[PDB]
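Q: Take this structure, written in C-alpha cells, and hold onto it; I'll ask about it next.
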Amino acid sequence: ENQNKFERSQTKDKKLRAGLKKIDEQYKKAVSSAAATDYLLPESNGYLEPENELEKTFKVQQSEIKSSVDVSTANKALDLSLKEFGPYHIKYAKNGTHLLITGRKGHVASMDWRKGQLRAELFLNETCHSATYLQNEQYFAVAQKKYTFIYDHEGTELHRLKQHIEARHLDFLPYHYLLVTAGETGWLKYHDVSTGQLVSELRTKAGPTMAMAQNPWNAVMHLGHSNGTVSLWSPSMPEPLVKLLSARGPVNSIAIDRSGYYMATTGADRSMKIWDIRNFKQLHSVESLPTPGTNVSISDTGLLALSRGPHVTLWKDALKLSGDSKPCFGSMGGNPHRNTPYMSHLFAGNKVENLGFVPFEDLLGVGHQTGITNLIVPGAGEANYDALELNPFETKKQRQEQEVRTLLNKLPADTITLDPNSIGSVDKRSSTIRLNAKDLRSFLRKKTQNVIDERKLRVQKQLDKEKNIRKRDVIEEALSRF
Amino acid sequence: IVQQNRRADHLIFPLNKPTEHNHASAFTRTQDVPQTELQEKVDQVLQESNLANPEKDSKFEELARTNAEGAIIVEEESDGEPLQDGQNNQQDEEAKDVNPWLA
Amino acid sequence: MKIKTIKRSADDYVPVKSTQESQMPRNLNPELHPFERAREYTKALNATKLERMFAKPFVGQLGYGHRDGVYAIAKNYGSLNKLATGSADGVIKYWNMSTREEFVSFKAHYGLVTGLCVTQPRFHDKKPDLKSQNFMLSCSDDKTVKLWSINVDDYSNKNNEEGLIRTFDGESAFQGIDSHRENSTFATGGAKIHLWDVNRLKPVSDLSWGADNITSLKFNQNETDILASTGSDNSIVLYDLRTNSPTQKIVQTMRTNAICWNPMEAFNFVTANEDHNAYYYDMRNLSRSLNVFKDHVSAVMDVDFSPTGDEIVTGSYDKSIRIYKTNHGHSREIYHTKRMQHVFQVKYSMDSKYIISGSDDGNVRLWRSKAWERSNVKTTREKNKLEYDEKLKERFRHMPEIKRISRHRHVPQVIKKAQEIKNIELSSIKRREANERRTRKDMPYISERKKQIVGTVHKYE
Amino acid sequence: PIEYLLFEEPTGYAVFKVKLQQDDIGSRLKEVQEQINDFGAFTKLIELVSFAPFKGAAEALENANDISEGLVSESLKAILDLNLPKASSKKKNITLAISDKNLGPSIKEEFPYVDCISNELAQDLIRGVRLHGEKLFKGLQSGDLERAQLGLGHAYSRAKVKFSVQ
Amino acid sequence: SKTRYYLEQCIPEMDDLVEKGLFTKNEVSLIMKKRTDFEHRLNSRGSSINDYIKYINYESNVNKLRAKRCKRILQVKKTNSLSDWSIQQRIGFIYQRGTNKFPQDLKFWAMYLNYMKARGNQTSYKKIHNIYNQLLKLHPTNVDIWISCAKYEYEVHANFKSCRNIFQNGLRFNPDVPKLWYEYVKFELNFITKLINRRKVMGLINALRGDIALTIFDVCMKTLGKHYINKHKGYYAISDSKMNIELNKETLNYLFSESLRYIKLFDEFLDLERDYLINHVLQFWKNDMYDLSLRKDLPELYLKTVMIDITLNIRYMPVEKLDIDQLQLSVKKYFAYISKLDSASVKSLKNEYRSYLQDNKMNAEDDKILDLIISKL
RNA sequence: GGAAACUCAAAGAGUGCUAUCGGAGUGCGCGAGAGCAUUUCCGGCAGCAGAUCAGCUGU
C-alpha cells in the first residue's frame, strides 16, 4: 500500500541464478519490512478539510485557525516584529530548532524561537543579503556587503572569507559540510567548512545569479539566471551539468521538493512553471498571476507557496502528473476539477521578502519589511522526524555526537553527480558478455633505447597487419597466375 | 550433505546434535538411590505397599442412567480419586473413543 | 470546518523522569535519508581504514622456544589449548597454550625428530583414562616411534606414569606419522608406509606401491578409514584401509611436502609442494586440481585447513606465512616478522581464530587469523557495528581506492623484489608462448588447474 | 566446556551457569583479562542460577571446616544434586568449574556424572566472581558479606586453635 | 537500541489487527505509542517491577478489549489468525523478562505463576515446571515455594511420586523449619487417606499404616532438636554443665511444643489408627532425649503426657455412655498414675475433673460416678 | 580588587547504567524431546452437568 515510497529502482550458471534469487528476494523482504514501519510511526499529519461546499479552504484566516488550534502551536505562532532595521529574511535550521533572521540594513539574529533564548544577536552597518546555518546552532554564515562571514554561536566573527568577492545567494550542503556561494559577479564557488579548503570556482558565464535553490536528494545546486535558464551544477565539471529554459526574462525564485523530484520556478514575466527534475519535463505552466511572484517555496508534503509581495498563496497537492492539479486562482462556471489556493494570507502593505517552511512543525515562516510572521498551516510540515539524523530535542552530548559522526561520514566532494545512486556501477565499459581471456655515452643509451622502441613499434605493426590478414574476363582467366 | 552445506545462508557451527539436556528438575530423583536418611526410611517403608499405577488402573478401569444422572456423585468420586497416570491414560482412552464415535 | 495540527506534547519525546532513556522516533523514508549509496560507501572506506589501523596480528611466543628450530607441530583435536611441538635435536614438548608454558619436555630421540601426533589410544586391557592424562607419539629417523603419556591438569578428578609408555621400533627409518582418529590405529612413513596399532610391537600392515620412500602422510577428519600421502617420487598416493590397499596415485611436477584434508568436505585436500603454489585437489576426480593458490616466492612448506572449513593457512620456505580463502585462489593476507626464518610447520587451532606457526629459529609463534578481530566478548551494539561494516567491506571490495587500501601490506623487501622479478619472468614467458601460439596450429590451451599433473594411474572412468 | 561454576561464600553456596565461554587460547591477553575486572562484560559471561544460604551460624562454621579440609557436606551436596543436570551418556558428562584440586576428587566420588575442573580459566572466572561479589547476586540475600565473614573467620580461627575460653 | 527491536517485533499483530476491521488506524497508533512509552520505561536504566506490573495490566486490558471487539464486531470468538495468541505471547515474554531482571520479589513471581496456571489450558504444565524449577533454584530457602507448588502438584495433577519427591528435596534443603515437616506430614496423611478411600471405593463397588508419618515424625523430632540447638550456641559449643542442661531443657520444651501441635492437627485429621500413632508419639515422649525428663525438669510436661495417655479414649464420642463403659480403663490407668504422683496427682485430678465436666445409665451407676448419675438421671 | 552561580553558553576530567501455527495425538529420537509436520481431537456452536475447567449430546 505504501511500497512505492520505499522502492529503490535467464542465466546459465546455477549458483549465480540462486544468488540472484537470494538477493532480489532479500530486496523484496527488506522493502516490505521497511514499509511496515509507518504502522509504528508516532503520529499522523494534519489537515483542514472543507467538509461542505460553501466552506472553502481559503476563506479561513489566522484568527479562526489560531482559535481552534492548540495552545502550544498558537504560542509557536510568533511575530518578532522589528522596525528599525530593514526588510527581514528567514532561514530555519536543518532541524526545526533554531532560527536565523537577517535585515537588509545590518541586523543578524540567530536565536531559538520555541524558547526565548536569543543566543547571537549582532548589528552591523552594512547590507546583509542572506544567512544560513552551517550544521548546528554553532556556526552560521551571513552573506554581507562584499565578504561572506561565518560566526560562532555567541556572535564572535569567526571568519571573513578572502574569496567570495560578493555574495547574495548562499546556503549549505549538509552531509558534505559544503558552503555554496553565488554572487552578483558571474561566479559560483564551493568552500568546505571542515577542512577550510576551497573546492571549486565554477565560472557561470551567464550573467548574475538571480536565484538559487539546493536539491536535497543529490546536492546539486540549482541556479537561475537572467536568461530564463535554470542551470544545475556540481563541482565535477566546470560546465553546468544541465540547463533548462524555465521562464522568459529573469527567474526570481526556484524551489526544490525534499525528494528532489519536483521544481517550482517563478519568473519575472508573471509566470510560474512546475518541472519534473529526473525527466526534465515541463509538467504544467501557470500564467495570469497578477504580479511576478518574487519568492516561491515548497513544503515537505507537496504544499507549495507563492509569495507575490502582499499575498502568500499555499496550494495543496499541486505536484501530480495530471492536468487536474494545475494550480489555478478561482472556481469559475461550477468547476470542481480545478485547484484553487488551499489557503492564502494577505499582509497589509509590506512586501514579503522570503518564505521558509518550518521543518518538523505545521507552520510556514515568512519574512517581510516589518519583520517575521509564522502562519499555521495544517499539512505543510513533516510530522515524524527521524531521530538518527535530525532531532528537535537535542542535548549537548548528542549534538557533539552528531558532529563527530557526520564529520567522520563527510562524503567527499566528487560524489555528487546528477544521480547519487550511480557510484556503484561499472565504468561504462560493461561487456555484458565479459571477455575473461577465455573466448577471444648517454647518447648511446638513448640510441639503443630508440632501437628497442622502433622494434616494439614494428612488432606491433606486424601483429596488427597479421590480425587484419586473418580477419579478411575470359582471356584474363586464361592469363591469370602470372 | 556437503553440497547443501554450501547452499545454506548462515552456518551456526554447533552442527551436530549437541549436549542439549534439560536441567535436573526437583521432581525427578537424579541417581535413583536414597541420599538422605529420610529417603532411606521412607523407601524402606514404601518397598512393600505402593500404588505404582497397577492397582490404580485396576481400581480405576470402571468409568446409561449412571452416565446421565444416577451416579452423579459416584462418578465424581471415582474421577476425583483417580491418580495422575491413571487419569492421563483415562483421558487419552476416552478421547480416542470419542474420536472414533464422533468424527 | 475541521482543522488539526501536529502535537509534539513533550512527554512522549522528552522523558518524565531523568534516568530513563529518551525516545528515538523513527521514519524509514528514503525521502528523509537521501544519500544511501555514497554514505554506506564512505562507511566502507572508514571500515577499511580502521581495519588497517587495527591490523595487529601477533599475539605471542610460548616459552623460550625450543633448541634448534621446530620441524613438527601437532594440534590435538579434543581439547583446545594443548599443542605438541617436536624439534630438531630430538626434543618434543607438550604446551599448554593458555598460560603459554610447557607441561613436560623429553629428550625423545637422538637424531632429527620427524613427526608427531596425539592420540586417545584405546587399549584393550585398560580403560582410556583420557580425562586425566594425554597421549602423544613421535617418530624420528633413528628407526623409533615412541608413544608417551603426559600428566595434564585439564581436569581435577584424580588424587605417576609420566613418560615413555612404549617404543615401537622399525626396520628402516621413519619419516612421518599420523594417527587414525578412531580405534587407536596409526600410520607411518619411511621406506614404505606401515600401519600399526598400539597393541603390537610389529607393523600390522605394509602398504606401498613400490620401493619408494614417503615424505608425509595425513588421515582424514571424517570417513576416517582412507588416507593420503606424499613421496619423493613427486607423487601423491591415496590409500584405503577398508580395502587395506593403495588406491590411486598421481605424479605432479615437483615433490609434495605437506598434504592436508578438509574437515568439512571430507573429499577435498590441499597439497603443498616445492613449486610455489598450494594445489587443492578433489579426490574422486584427480585429473584436475580444482584450485591452485599461487602466491609465494619459494617452497610451500606446510598448509592446513581451518576447522571452519574455508580458510587455508600456509607457511613457506621463505620467511613468511599466508592466509588464503578457499574460494579465491590468491592471498587474502600475509604475516612475517624479522625474527622468524623458514617457517616449517603451520597449524590452525581448533578455535579457528589462531594459527600456530613454528619457525626454524626455534620459536613457536602464534597469530590471529583475522588480524583485527579481537578476542574479548563484545557488547551487542559493538558486534553489530563490526559485522555491519565488515559486510560493507565485503560488498564494496571491488571499488578501486578501497581495494588499493585493503590490499597493500609491508611485504619484506626480499619477498617483494623476488616476486617482482618472478612476475616479469612469467610475463616474458607468456609473451613467448603467445608468439609460439601465433605460429603453430596444434597447440592445446593448457589449463592452469591441470598444468602440474603429469600422470595418473587408473587414467579415466 | 566450563558450563557450570561453583562459588562458596560466607553467607551461602552459589552455582552459576556459564552463558558463553571465555577465550581459552588468548587468556593471557590484556583485552581479555581486563574483562574480568570490568562489570559490564562479566555479567555477559556469568549469570546467577542458584544461591542457597546456609542460615545457621554453626552450620556455616561446619561447612567452612569441611571445605577447608576438602570434603563435601550436606548443603553443598544438596545444591549440586538439585542444580547439576544428569548429562546422559549419549551426549557427555557435565562439567563444573570448582576452585581447588583438593575438593575435586571428593565431588567426583559422590557424583559420577559431574566432572570437576580447575585450570587457570576456572581460577580467574572464580576470581572475577569474587571481585564483583555482591553485584552479581542481584538481591537474593539478606546481609552483606564482610561482617558475616568476620564472624566466620573468628570462629574458624578459634576452632582451629581450640582456644580455651575458660 | 533494543527497544526499537521489541517494538518492531510487535508489528504483525497490529498488522492483522487492522487487516481485520476490529481496530482502525487512529486507535492502533494510540495503543502503539502507549506501548512505545511503556516499553522504553521498561528498558530504561534502572526500571522497576511496578513498571512491569502496570505494563502487564495494559496488555491484559487491551487483550480483554480485543476479545470484546471481536465478539461485538465480527461476532466470532476465535479469529484463527495471528491476533489471538499474540498478546498472551507478549505477556509471557514480559513475565520472563521481569523474572530475569528482578528475581527477588515473590509478589511478581507469584503473579507470573498465577497467570500461567490460568493459561494452562493453552500452554500446558511444562512451562509451569520450567519456571517453577528456576524459582526453586533461585530461592531454595523460602519454604513457601515448595509448599505452594507441592499443593499445586497435589491438587491440580495429583502426582504423588513427584509430590513426595519435591517434599523430600525441600526437606533436605532446609530441615530446620517446623512448617515444612508439619505440612509434609499433612500431605502424607492426605495421600494415605485417599489411598484407603480408594480401597473403600473398591469395597463399595464390590501394611500401609501410618508408619510413613511416624518415621518422618521421628526424623522431624531429632533433626529439629539438633538444628534448634545449632540455631542457639552460634559459633562456639558452650561448655558448662548447667547451661548445657538448661538449653537441653529449652529444646525439649520447644520440641514438645511442636509435638503437641502434631497431636492437635492430627486429632483434627484422625479417621485412621489414631490411637496407634498417637501412642507412638507418646512412646517416643516416654523414651526421652538428652535428659529422660520424667523425673527431671518439665514435670508439667510429664503431667501433660500422662493426661493424654489417660484421656486417649475420651476425645471421640458424643455418646458418652460408651465413654462410661470403657472408662474403667481410663480411671484404672488414672489410679495407676495417682498411685505414683502426689501434687501432680492433684493437678491431674483437676484436669480429669475438668475433662469429665466437659463430657457432661446402668454403667453410669456401676462402672466421677456422681457426674455419671447426674448425666444419666 | 572579593566574588553570590540561583542569568546562561562552549568545552575537560572523575564517578555511577543494560541484553539477543497453541496444547496433545500421529511416523517419529534414548521413565524421555531440545525438533522434523499435521487433517488426527482440534482450536466451528450452544445444553446437561461437579465451582472459568473434567464426562457427554448433536453438529
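Identifiers for the C-alpha cells are assigned positionally: chains receive A, B, ... in sequence, residues are indexed from 1 per chain, and ligands are indexed from 1 in the order shown.
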Return the neighbours of chain F among the residues of chain C, cut-off 10 Å, counting only C-alpha atoms (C1' of nucleotides), as a list in words.
A: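 Therefore, the residues near the partner are residues 19, 379, 380 and 381 of chain C.
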Q: Where does DSSP see helix (DSSP H, G or I) in chain B, if you list the residues as a ChimeraX atom specification?
A: /B:37-45,54-60,65-70,74-80,84-101
Q: Can you measure atom CA of residue C:166 to atom CA of residue C:180 for me? One decimal in Å is fine.
A: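 Computed distance, atom CA of residue C:166 to atom CA of residue C:180, equals 18.2 Å.
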Q: Could you work out which residues of chain E fall inside 9 Å of chain B? Count only C-alpha atoms, and format the result as a ChimeraX atom specification.
A: /E:129-130,133-134,136,157-166,168-172,194-195,197-199,201-202,207-208,211-212,215-216,219
Q: Next, the residues of the selection above should be written as a short mmCIF file (atom, residue, chain, number, x, y, z; two decimals), in the first residue's frame with N, CA and C atoms.
A:
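Output saved as result12.cif:
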```cif
data_model
loop_
_atom_site.label_atom_id
_atom_site.label_comp_id
_atom_site.auth_asym_id
_atom_site.auth_seq_id
_atom_site.Cartn_x
_atom_site.Cartn_y
_atom_site.Cartn_z
N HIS E 129 6.51 -26.24 35.07
CA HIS E 129 7.66 -26.94 35.63
C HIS E 129 8.95 -26.17 35.41
N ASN E 130 9.09 -25.53 34.24
CA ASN E 130 10.31 -24.78 33.95
C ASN E 130 10.45 -23.56 34.85
N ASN E 133 10.88 -24.59 38.47
CA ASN E 133 12.17 -25.14 38.83
C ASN E 133 13.22 -24.04 38.90
N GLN E 134 13.13 -23.04 38.02
CA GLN E 134 14.09 -21.94 38.15
C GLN E 134 13.77 -21.05 39.35
N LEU E 136 12.68 -22.40 42.19
CA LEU E 136 13.25 -23.21 43.27
C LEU E 136 14.75 -23.07 43.33
N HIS E 157 -2.72 -31.84 39.57
CA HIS E 157 -2.34 -33.04 38.84
C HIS E 157 -2.30 -34.29 39.69
N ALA E 158 -2.12 -34.16 41.01
CA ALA E 158 -2.20 -35.25 41.99
C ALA E 158 -1.19 -36.36 41.69
N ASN E 159 0.03 -35.98 41.34
CA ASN E 159 1.08 -36.94 41.03
C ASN E 159 1.91 -37.15 42.29
N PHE E 160 1.58 -38.22 43.04
CA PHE E 160 2.07 -38.36 44.40
C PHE E 160 3.56 -38.66 44.46
N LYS E 161 4.11 -39.33 43.45
CA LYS E 161 5.54 -39.61 43.45
C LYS E 161 6.36 -38.33 43.33
N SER E 162 5.97 -37.44 42.42
CA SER E 162 6.67 -36.17 42.31
C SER E 162 6.38 -35.26 43.49
N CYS E 163 5.20 -35.39 44.10
CA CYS E 163 4.90 -34.59 45.28
C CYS E 163 5.80 -34.97 46.45
N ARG E 164 5.92 -36.27 46.72
CA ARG E 164 6.82 -36.74 47.76
C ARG E 164 8.27 -36.46 47.40
N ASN E 165 8.59 -36.46 46.10
CA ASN E 165 9.94 -36.14 45.66
C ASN E 165 10.31 -34.70 45.99
N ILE E 166 9.40 -33.75 45.72
CA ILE E 166 9.80 -32.37 45.98
C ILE E 166 9.68 -32.03 47.46
N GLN E 168 10.62 -34.19 49.75
CA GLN E 168 11.87 -34.72 50.29
C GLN E 168 13.06 -33.88 49.86
N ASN E 169 13.01 -33.30 48.66
CA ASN E 169 14.07 -32.40 48.22
C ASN E 169 14.10 -31.13 49.07
N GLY E 170 12.93 -30.54 49.33
CA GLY E 170 12.90 -29.34 50.16
C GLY E 170 13.25 -29.63 51.61
N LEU E 171 12.85 -30.80 52.10
CA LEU E 171 13.17 -31.16 53.47
C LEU E 171 14.65 -31.45 53.62
N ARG E 172 15.30 -31.89 52.54
CA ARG E 172 16.75 -31.98 52.54
C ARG E 172 17.37 -30.59 52.48
N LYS E 194 -6.49 -40.81 51.01
CA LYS E 194 -7.02 -41.03 49.66
C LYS E 194 -6.79 -42.46 49.19
N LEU E 195 -5.69 -43.10 49.60
CA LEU E 195 -5.48 -44.49 49.23
C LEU E 195 -6.45 -45.43 49.94
N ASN E 197 -9.36 -44.55 51.02
CA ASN E 197 -10.66 -44.29 50.41
C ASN E 197 -10.78 -44.94 49.03
N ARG E 198 -9.67 -45.12 48.32
CA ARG E 198 -9.72 -45.92 47.09
C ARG E 198 -10.03 -47.38 47.40
N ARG E 199 -9.43 -47.91 48.47
CA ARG E 199 -9.73 -49.28 48.89
C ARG E 199 -11.19 -49.42 49.33
N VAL E 201 -13.63 -47.55 48.15
CA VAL E 201 -14.44 -47.46 46.94
C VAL E 201 -14.44 -48.81 46.21
N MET E 202 -13.32 -49.53 46.26
CA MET E 202 -13.30 -50.91 45.76
C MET E 202 -14.27 -51.80 46.53
N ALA E 207 0.09 -53.21 57.11
CA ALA E 207 0.94 -52.86 55.98
C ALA E 207 1.03 -51.35 55.81
N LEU E 208 0.05 -50.78 55.12
CA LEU E 208 0.03 -49.35 54.80
C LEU E 208 -0.58 -48.51 55.92
N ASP E 211 3.05 -45.62 59.32
CA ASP E 211 4.47 -45.71 59.60
C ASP E 211 5.28 -44.69 58.82
N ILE E 212 4.76 -44.24 57.67
CA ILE E 212 5.41 -43.15 56.93
C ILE E 212 5.41 -41.88 57.76
N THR E 215 7.73 -42.34 60.90
CA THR E 215 9.16 -42.21 60.63
C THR E 215 9.55 -40.77 60.32
N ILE E 216 8.73 -40.06 59.54
CA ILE E 216 9.07 -38.67 59.29
C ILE E 216 8.83 -37.82 60.53
N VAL E 219 12.23 -38.42 62.48
CA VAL E 219 13.31 -37.64 61.90
C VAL E 219 13.07 -36.15 62.09
#
```
Q: Identify which of the residues E:301, E:42, E:346, E:372 lies closest to chain F, counting only C-alpha atoms (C1' of nucleotides) when measuring atom-to-atom distances.
A: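 Checking each candidate against chain F, we get E:42 as the closest.
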Q: Output as JSON, numbers by chain all residues of stretch 16-118 of chain D that backbone DSSP marks as strand (DSSP E or B).
A: {"D": [16, 17, 18, 46, 47, 48, 49, 50, 51, 52, 96, 97, 116, 117]}
Q: What's the 6 Å shell around stretch 57-72 of chain C, counting only C-alpha atoms (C1' of nucleotides), without same-chain residues fewer than 3 positions away, as a compact mmCIF listing (two decimals) with N, CA, C and O atoms, in the first residue's frame?
A:
```
# COMPACT_ATOMS: atom_id res chain seq x y z
N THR C 85 54.91 -29.79 20.15
CA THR C 85 55.92 -29.37 19.19
C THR C 85 57.13 -30.26 19.32
O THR C 85 57.69 -30.38 20.41
N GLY C 86 57.55 -30.86 18.22
CA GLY C 86 58.76 -31.65 18.16
C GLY C 86 59.80 -30.93 17.32
O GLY C 86 59.48 -30.42 16.24
N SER C 87 61.03 -30.91 17.81
CA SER C 87 62.09 -30.11 17.23
C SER C 87 63.39 -30.89 17.17
O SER C 87 63.55 -31.94 17.82
N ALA C 88 64.36 -30.26 16.50
CA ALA C 88 65.35 -30.96 15.68
C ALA C 88 66.27 -31.86 16.49
O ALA C 88 66.58 -32.97 16.05
N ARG C 100 50.65 -20.28 28.24
CA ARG C 100 51.78 -20.31 27.32
C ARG C 100 53.03 -20.85 28.00
O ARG C 100 54.08 -20.21 28.06
N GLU C 101 52.89 -22.06 28.54
CA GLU C 101 54.02 -22.74 29.15
C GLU C 101 53.96 -24.20 28.74
O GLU C 101 53.01 -24.65 28.09
N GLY C 115 58.11 -36.61 12.96
CA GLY C 115 56.70 -36.30 13.00
C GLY C 115 56.02 -36.77 14.26
O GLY C 115 56.30 -37.87 14.73
N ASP C 360 62.16 -21.84 12.05
CA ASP C 360 63.41 -22.56 12.20
C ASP C 360 64.34 -21.89 13.18
O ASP C 360 65.40 -22.44 13.49
N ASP C 361 63.99 -20.71 13.68
CA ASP C 361 64.82 -20.07 14.69
C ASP C 361 64.70 -20.78 16.03
O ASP C 361 65.62 -20.72 16.85
N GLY C 362 63.58 -21.45 16.26
CA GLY C 362 63.36 -22.16 17.50
C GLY C 362 62.00 -21.88 18.10
O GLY C 362 61.51 -22.66 18.91
N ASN C 363 61.39 -20.77 17.72
CA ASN C 363 60.17 -20.37 18.38
C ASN C 363 58.94 -20.95 17.71
O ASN C 363 58.95 -21.30 16.52
N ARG C 365 55.60 -19.37 17.29
CA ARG C 365 54.82 -18.15 17.43
C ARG C 365 53.35 -18.43 17.16
O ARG C 365 52.98 -19.46 16.60
N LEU C 366 52.51 -17.48 17.55
CA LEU C 366 51.08 -17.58 17.33
C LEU C 366 50.61 -16.31 16.65
O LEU C 366 51.25 -15.27 16.74
N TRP C 367 49.49 -16.40 15.95
CA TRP C 367 48.99 -15.24 15.24
C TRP C 367 47.47 -15.29 15.24
O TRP C 367 46.89 -16.38 15.26
N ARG C 368 46.83 -14.13 15.21
CA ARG C 368 45.41 -14.10 14.93
C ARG C 368 45.20 -14.25 13.44
O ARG C 368 45.90 -13.63 12.65
N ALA C 371 43.31 -10.48 11.47
CA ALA C 371 44.32 -9.65 12.12
C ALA C 371 43.75 -8.43 12.83
O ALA C 371 44.52 -7.60 13.31
```
Q: Write out as a ChimeraX atom specification each polymer residue whose atoms come within 9 Å of stretch 25-30 of chain F, counting only C-alpha atoms (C1' of nucleotides); drop sequence neighbours fewer than 2 positions from it.
A: /B:92 /D:88,90 /F:32-33,36,38,40-41
Q: Taking only C-alpha atoms into account, report as a ChimeraX atom specification which residues of chain C lie within 7 Å of chain E.
A: /C:12,19-21
Q: Would you give me, as an MDAnalysis selection string, the residues of chain A that come within 10 Å of chain F, using only C-alpha atoms (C1' of nucleotides)?
A: chainID A and resid 117 119 138 152:154 396
Q: When the cut-off is 12 Å and we count only C-alpha atoms, which residues of chain B are near chain A, given as an NGL selection string?
A: :B and (3-4 or 6-9)
Q: Write the residues you've just listed into a file as a compact mmCIF listing (two decimals), in the first residue's frame, and include N, CA, C and O atoms for each of them.
A:
```
# COMPACT_ATOMS: atom_id res chain seq x y z
N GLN B 3 26.99 -30.76 -0.08
CA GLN B 3 26.52 -29.91 -1.16
C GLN B 3 25.51 -28.90 -0.65
O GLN B 3 25.61 -27.71 -0.94
N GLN B 4 24.55 -29.36 0.15
CA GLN B 4 23.63 -28.43 0.80
C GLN B 4 24.23 -27.77 2.02
O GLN B 4 23.56 -26.97 2.68
N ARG B 6 26.92 -26.01 1.47
CA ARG B 6 27.44 -24.82 0.81
C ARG B 6 26.36 -24.07 0.04
O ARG B 6 26.68 -23.16 -0.72
N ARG B 7 25.10 -24.46 0.21
CA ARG B 7 23.98 -23.67 -0.27
C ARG B 7 23.28 -22.90 0.83
O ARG B 7 22.55 -21.96 0.53
N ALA B 8 23.46 -23.30 2.09
CA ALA B 8 22.82 -22.61 3.20
C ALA B 8 23.42 -21.23 3.38
O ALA B 8 24.56 -20.96 2.99
N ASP B 9 22.64 -20.35 3.98
CA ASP B 9 22.99 -18.94 4.04
C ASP B 9 23.80 -18.57 5.27
O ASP B 9 24.74 -17.77 5.17
```
Q: Residues at most 6 Å from stretch 304-316 of chain A, counting only C-alpha atoms (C1' of nucleotides), excluding those fewer than 2 positions away in the same chain, as an MDAnalysis selection string?
A: chainID A and resid 293:299 302 318 341:347 351:352
Q: Hey, list the chain D side of the contact with chain B: 9 Å cut-off, only C-alpha atoms, answer as a list in words.
A: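 Within 9 Å of chain B on chain D, we get residues 81, 82, 83, 84, 85, 86, 87, 88, 90, 91, 92 and 111 of chain D.
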Q: Which residues come within 12 Å of residue E:351, counting only C-alpha atoms (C1' of nucleotides), excluding same-chain residues fewer than 4 positions away, as a PyMOL selection string?
A: chain E and resi 300+303-304+306-308+310-311+334+344-347+355-358
Q: For those residues, write C-alpha atoms to a file as a PDB file, in the first residue's frame.
A:
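Saved the output as out-v5.pdb:
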```
ATOM      1  CA  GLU E 300       4.137 -30.199  83.948  1.00  0.00           C
ATOM      2  CA  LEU E 303       1.702 -34.418  83.612  1.00  0.00           C
ATOM      3  CA  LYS E 304       0.522 -33.474  80.120  1.00  0.00           C
ATOM      4  CA  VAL E 306       0.066 -38.657  81.493  1.00  0.00           C
ATOM      5  CA  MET E 307      -3.100 -36.652  80.774  1.00  0.00           C
ATOM      6  CA  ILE E 308      -3.000 -37.501  77.058  1.00  0.00           C
ATOM      7  CA  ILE E 310      -5.222 -41.328  80.149  1.00  0.00           C
ATOM      8  CA  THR E 311      -7.670 -39.302  78.037  1.00  0.00           C
ATOM      9  CA  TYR E 334      -5.774 -42.884  86.321  1.00  0.00           C
ATOM     10  CA  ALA E 344       0.867 -33.625  90.001  1.00  0.00           C
ATOM     11  CA  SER E 345      -1.769 -36.057  91.283  1.00  0.00           C
ATOM     12  CA  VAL E 346      -3.783 -33.017  92.396  1.00  0.00           C
ATOM     13  CA  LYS E 347      -3.314 -31.145  89.116  1.00  0.00           C
ATOM     14  CA  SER E 355     -12.481 -33.269  81.216  1.00  0.00           C
ATOM     15  CA  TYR E 356     -15.429 -35.138  82.729  1.00  0.00           C
ATOM     16  CA  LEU E 357     -17.185 -31.799  83.294  1.00  0.00           C
ATOM     17  CA  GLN E 358     -16.707 -31.059  79.599  1.00  0.00           C
TER      18      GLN E 358
END
```
Q: May I have the residues of chain F within 10 Å of chain B, counting only C-alpha atoms (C1' of nucleotides), written as a PDB file with C-alpha atoms (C1' of nucleotides), in the first residue's frame?
A:
```pdb
ATOM      1  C1'   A F  24      -1.926 -33.070  22.618  1.00  0.00           C
ATOM      2  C1'   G F  25      -2.241 -37.101  19.125  1.00  0.00           C
ATOM      3  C1'   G F  31      10.894 -43.017  32.776  1.00  0.00           C
ATOM      4  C1'   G F  33      12.494 -34.054  23.311  1.00  0.00           C
ATOM      5  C1'   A F  34      15.608 -29.654  22.763  1.00  0.00           C
ATOM      6  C1'   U F  40      -5.923 -36.904  13.895  1.00  0.00           C
ATOM      7  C1'   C F  41      -9.257 -34.122  18.954  1.00  0.00           C
ATOM      8  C1'   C F  48     -26.875 -31.351  30.625  1.00  0.00           C
ATOM      9  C1'   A F  49     -23.653 -31.014  34.261  1.00  0.00           C
ATOM     10  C1'   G F  50     -19.042 -31.254  39.754  1.00  0.00           C
ATOM     11  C1'   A F  54     -13.408 -32.847  33.948  1.00  0.00           C
ATOM     12  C1'   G F  55     -17.560 -36.688  31.334  1.00  0.00           C
ATOM     13  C1'   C F  56     -21.121 -36.370  27.453  1.00  0.00           C
ATOM     14  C1'   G F  58     -25.621 -33.491  18.358  1.00  0.00           C
ATOM     15  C1'   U F  59     -23.121 -30.878  14.645  1.00  0.00           C
TER      16        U F  59
END
```
Q: Got a sec: who's within 8 Å of residue C:300, counting only C-alpha atoms (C1' of nucleotides), leaving out chain neighbours fewer than 3 positions off, as a list in words?
A: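 Near residue C:300, the qualifying residues are residues 257, 272, 273, 274, 275, 276, 277, 278, 296, 303, 314, 315, 316 and 317 of chain C.
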Q: Could you please select, counting only C-alpha atoms, the residues of chain C within 10 Å of chain B and state them as number ranges by chain?
A: C: 264-267, 308
Q: What does the structure give for the distance between atom CA of residue C:212 and atom CA of residue C:291, in Å to one decimal?
A: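 Straight-line distance from atom CA of residue C:212 to atom CA of residue C:291 works out to 27.7 Å.
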